[PDB]
Structures are given as structure tokens and as C-alpha cells.
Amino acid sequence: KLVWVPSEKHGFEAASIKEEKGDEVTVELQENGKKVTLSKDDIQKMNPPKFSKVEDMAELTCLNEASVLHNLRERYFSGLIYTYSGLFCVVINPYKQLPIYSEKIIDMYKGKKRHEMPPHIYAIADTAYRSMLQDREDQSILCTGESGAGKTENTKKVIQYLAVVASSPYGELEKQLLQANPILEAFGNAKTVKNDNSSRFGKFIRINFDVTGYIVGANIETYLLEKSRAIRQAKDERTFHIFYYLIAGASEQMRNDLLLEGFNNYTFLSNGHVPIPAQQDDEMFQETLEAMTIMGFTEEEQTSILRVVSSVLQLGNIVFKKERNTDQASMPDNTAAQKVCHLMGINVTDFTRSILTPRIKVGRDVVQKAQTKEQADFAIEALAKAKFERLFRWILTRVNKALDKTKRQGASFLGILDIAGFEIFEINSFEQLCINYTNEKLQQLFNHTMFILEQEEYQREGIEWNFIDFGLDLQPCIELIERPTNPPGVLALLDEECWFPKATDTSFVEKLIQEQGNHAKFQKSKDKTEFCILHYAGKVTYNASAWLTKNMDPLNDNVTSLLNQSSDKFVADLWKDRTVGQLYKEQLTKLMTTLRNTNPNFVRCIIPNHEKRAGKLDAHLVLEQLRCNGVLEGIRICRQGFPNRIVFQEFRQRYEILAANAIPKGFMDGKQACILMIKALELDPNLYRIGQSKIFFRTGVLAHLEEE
């Protein structure tokens, strides 16, 4: 007499039905004994105890939100962070070190089928690896989820599994491969209120393989680096790890060399020295230097990199005042300009002139215009973000150079996506639009993949599949963001608005209301810069402040030129060289085109709590992520159809006891044997469907069968 009822504290909770009266049901909570009257439709059927901590939730007889949630909860507290959810995988961040990632465990998963061993990331990495050789098709592992859910941690475990199994211990390439993320994270990761090691970029790591299956090379593409983090940070947050590593670690000689001057003497360090618990910045600096040594970065490359990190900071120490009774920019103190110019290998007078009085061509004449304090601050800020992303791109292209040095492309690859998941913030700027546009494509991919896997399964069994593409639901929303013309999208109207002379951020929004106002996935807010978009996971209020500027990404042409002709060979290489929106759409088209031609493996990461705590599972927050992931839409769709499918030999062996009379003494066909057991059970012909190898059942039909 036990059931699942909705719970404000636990999401769902065990309770027993004491009295029924039509739709009204009076339950008694199996925790505190408190009486609760609620509707029959809020009540959720509970699974037999033989399903306690079930490794694959597709095995559940009663498929419901309450049963799935409890299955993940039971596993999580038993130390079990991995759970298979039929066609995809779920990972709940333990926030503690688990002993599941040793050399013994790697060897145990070598060539094992998904069902042959307990759930692990190693098994996803192995099944995709074996399939790549067997089927001769490219693979992908998609580690999705919120900030601090476990995307980076899992992505790296796939790398360390494959660097062991697909090795030619480890070997120069595999040793270097394991150093890519230590380097990239030093420059692209930061301490955030959500994650002490948040990825402030997204990546798709492509590992290349020999016909035999040996790692032959690798390439990494990065997306959306938060270059604005170099300038200023929110309360209790840090810039990229590298500034703290360098300042904390650098030798007495290095400090003097690169003109480094402590945590409190830099404006680009908004909160001074903020520490990362259980981590020392000086230790991490040595750990980063070591990784760059393994990757083959010469001491000169290492030192020129730290010299750029130092100049990025100095830029954010230059102070502009105003000439008396004018808006005109003045630099009364040359101290910072001199220090940064010594580092950038450029002339200080030529730099000062390039920031305060830049020469601009008008045709045919050239206007030397004096800048306002505001324009010069924007120019120095714009240049510091631009230098930093150009330093990340250089470090990245050098890592790729080290990792594809063999001039070998292989017969196949295994792509590993680790990009930022959907998150609604207080301010959702142009970057959030791009991140949320990306997830509209990654969720359409997942939805459509499940739709193909099922369409193919239903066809094999010869059972009727009356469903339209599950990916098509996310299509109008995408068309509101991309779509070049007929109704032009959000980005298309931005690109067009950036060309208008008098154009403003409000101007852009007014034009957006005028063009997309009555679009299904559009809503007017309630501020003249604000607008809403109804994404798969939820309504997001976007603020269009400085988007026109963000899409244009302007830099002072004069200083970029000086840097292009720097006396320092490295700085010169950085500045060796149309919209931000158009360029990102290209990156996403190219990534989606890649992913669409690989067999995808989904690894849905779940954050247990917003506290960064071990053994604390926030039920309603885990529920909120399964909704967002598509898990709850999945539970619904499979409830609608046939969730339980059993093979004839397994149906007979499992339920021989009940229909004892139906099976006559002798040899008989599997399909034939079951028909008679089904007929003896007097099962409704709407509840079942006989397939070519498995019997398809509606939800709770097999639960009824579960009796002794």
C-alpha cells in the first residue's frame, strides 16, 4: 500500500493511501506520519524493491519522474554517481574524490559491453571506441550541463581512458594529450560563485585514430572565451587562473623581468587576492610551467606568454583624466604607459598619440581627432580583452601544433564536446544569447537522435511509429535567432542595425519588436533595451545594452598597427592580422555539421546543490535539471508509448511460473510460446504489441505481472 506523492522538501516522498473518495486521496507520509489529502493524478506509482539502485533506468516497470528521481537519489548516496537512463547517461557531481578513476578500473572496462559492468564514463568512452572500429564511423561524447555540474571532469576522464586503451605508460603524444587541459584551463578558467574552476570557454576536442585504433593526433576548437573577465569581476570571483598563478609563483628574477607588482596594485584584479580552497596559486604556477614543458613550449615561449599576461594587467593601471573644462582625454602620469609599452615592445610616445589623438582616414583627407576620457578607457579596455583572447588563440594553436605534429589525420575521430550549458542569470547579454542559441541546437540534436534510434527500433520490430521529429519543436526558436531573411532573426537584425549611423541598442530592440513581435517564441518585457525569448528550458529576459558595440567589436586601428609592428617577435605574432554574431553562427554551423555526421553519446551532468557540498542532493534542483535536459519530456513520451520491451526467451524464463498451463511439454518457437502465456493471462490487445524479437508493453503492465 506504498506510493510516491509530491513533496515540497524532497521533490517526491513515500506515503501510504489510508482513504480514497473519488478523485480525492488521503495519504499518510512514510516519514513523519502527517496526513495529506491530494488528487489521484498527483499520485505516482512506486517500483518494486528489486529495482533498488537499478543501473539502467530503462529496466523500471513504472517509468515516472518520482521513480527516476528516487533511483538517482538512492545511487548518489551509495557512492554511485553514474546511472544509465536507457539511451543516455546521467552523472551527479559528488563534490568529493571517489576511488572509481584508478588504473585497475580503466583495465576492467577494456572491451566491456555497456551492460557487462556497472555504469561509468569509461564504458561510454569504450562503447564509442569499439563502435568506431566495428562500424567505421566517427564518434562523439557530449558532456552537457549547468556551471559546476561535471562537464570538464568527465571530459578529462574520457581523455585519460582513451590515452591508456588506444596507446601505441604512456608515450610522448598521450603524455602531451593529457597536458592540453592543464594549460588551457590555466588561461581560460576562473573562480566563480558557481565553480572554483569554471570553464570560461567551450571546447570540442577531436582525438584522431589509426585504422587499427591507435591515437594518432588531436585538435581542439574553443568557443566564446569570456575576454571581459580580464577587465572586471563580480563579488568573490577571480580573473583567469594564470594572473594569480604568475603573481603568486614567479621567481625574484621573473617578477623584475616582467614588471609584476602584487595583487592589490592592479585595477584589472577587482577583488585582490581571493584564494581557491585546497589549492595554492604558487604550486599551480609550477604545475602549469611543467605542463608547458611536456607540451614542448621552449622557455622563450613560456616567458613571452607570461610577459603578455603581465601587459594585460598593466593596461588596467593606465589612468585618463580630462583637460580642464573639456571632455578631452589627458594622461598626466606616464608610469603605466611606459611599463606596458616596454612589455608590448612598442614606443610610448607613439602609443600615447595612438590613444589620445588617433589618425582616421575620411577620404581623401585624414582626421586626427582628440578622444574623450570615456573613448580612451573603452579603447584600453577593448585592447586588453583583445590581447588576452589573442593570447588564448596563440596558446591554443601552439597546443594543436604540438598535438598534430605527426601530419597524420587518421581514418576516424572521437569528438568530445564540453560547452557551457543553459543558465538564466540576472543579466543575460549577447554572450548568453549565443550560449542559449547553441543549446537550442544541442537539444534539437539530442531530441532528434532519440527520435531516430526509436524510429529505427520500431521499424526493426515492425511496430507502428506515428510520431514526427522530436527535434522540430526547438525549430521556431532557432529561426527567431538565426534566419537571415523573409522574417529576419535576432542576429540578422543586429548585423543590419550595426550599419545604421544613428543606431542605438533601443533602436535595435524597436526594430526587433517591429519585425518579430508576434513570433511564437518572442515576448515583450516589463527596460527599453530588454526583450524575452522562450528557449526549450525557459523564458530568458535579454538586455541588449552595448550589443551593437559587442557585435562590431571595435579596437583602436592606430595601436593595433603599432603592435603589429612590435620590436618583440612574439607580440608581433599576436597582432599578425564580418560580425561577431555572423562568425559565431559559422562556428556553430561547422560544429553542428560535425556532430550530425558522428554517432552521439549523451552524458548529462547534474549539480547536486548550489552550495558546492558532498552528500547533499537538492531534490527540486536535480528535478529542474532533468526538465531542462529533456529527461522529463523523455519520461512523458515513453509513458505515452511502450516503455518496456522484453525478448521472448527472457519473457518465458522470467514469467513461466504464472502461465504454467499455457506452455505444453515440448519444443516450441519463442514468439509462439509467449502468445499463449499472453492469452492465458487475458491481456488487453491495446496493452501489448508482438514484435519480431521483443514484446512491446504499455507502462505498468509488467508491474501488474510482478507477483508471487
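Residue indices: 1-based, along the sequence shown.
In the deposited sequence, how many residues between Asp577 and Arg578 have no modelled coordinates (none, 1 to 3, 4 to 9, 10 or more)?
Count of unmodelled residues in between: 10 or more.
Count, per the entry, the deposited residues between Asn197 and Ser198 that are not modelled, and return the matching class: none, 1 to 3, 4 to 9, or 10 or more.
The entry has no gap there; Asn197 and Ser198 are joined directly.
Quick check on the record: does 401-409 or 181-189 carry the larger mean Cα temperature factor?
Of 401-409 and 181-189, the stretch with the higher C-alpha B-factor average is 401-409.
Between 197-205 and 101-109, which has the larger average Cα B-factor in the PDB entry?
Looking at the recorded C-alpha B-factors, 101-109 comes out higher on average.
Going by the deposited entry, which of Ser85, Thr504, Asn439, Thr267 has the highest CA temperature factor?
Highest C-alpha B-factor among the listed residues goes to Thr504.
What's the residue among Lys385, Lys550, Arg238, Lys361 with the greatest CA temperature factor in the PDB record?
Each of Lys385, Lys550, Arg238, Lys361 was compared by C-alpha B-factor; the highest is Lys361.
Taking only the Cα B-factors deposited for this chain, tell me whether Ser67 sits in the lowest, middle or highest third.
It falls in the bottom third of the chain.
Could you look up the Cα B-factor of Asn486 in the entry and say which third of the chain it sits in: lowest, middle or highest?
Highest third of the chain for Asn486's C-alpha B-factor.
Considering every modelled residue of the chain and its Cα B-factor in the PDB entry, is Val308 in the lowest, middle or highest third?
Lowest third - that is where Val308 ends up once the chain's C-alpha B-factors are sorted.
Looking at the entry's B-factor column for C-alpha atoms only, identify whether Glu633 ranks in the lowest, middle or highest third of its chain.
According to the entry, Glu633 has a C-alpha B-factor in the chain's lowest third.
Ordered by C-alpha B-factor within the chain, which third holds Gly615? Give me lowest, middle or highest, please.
Ranked within chain, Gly615 CA B lands in the highest tercile.
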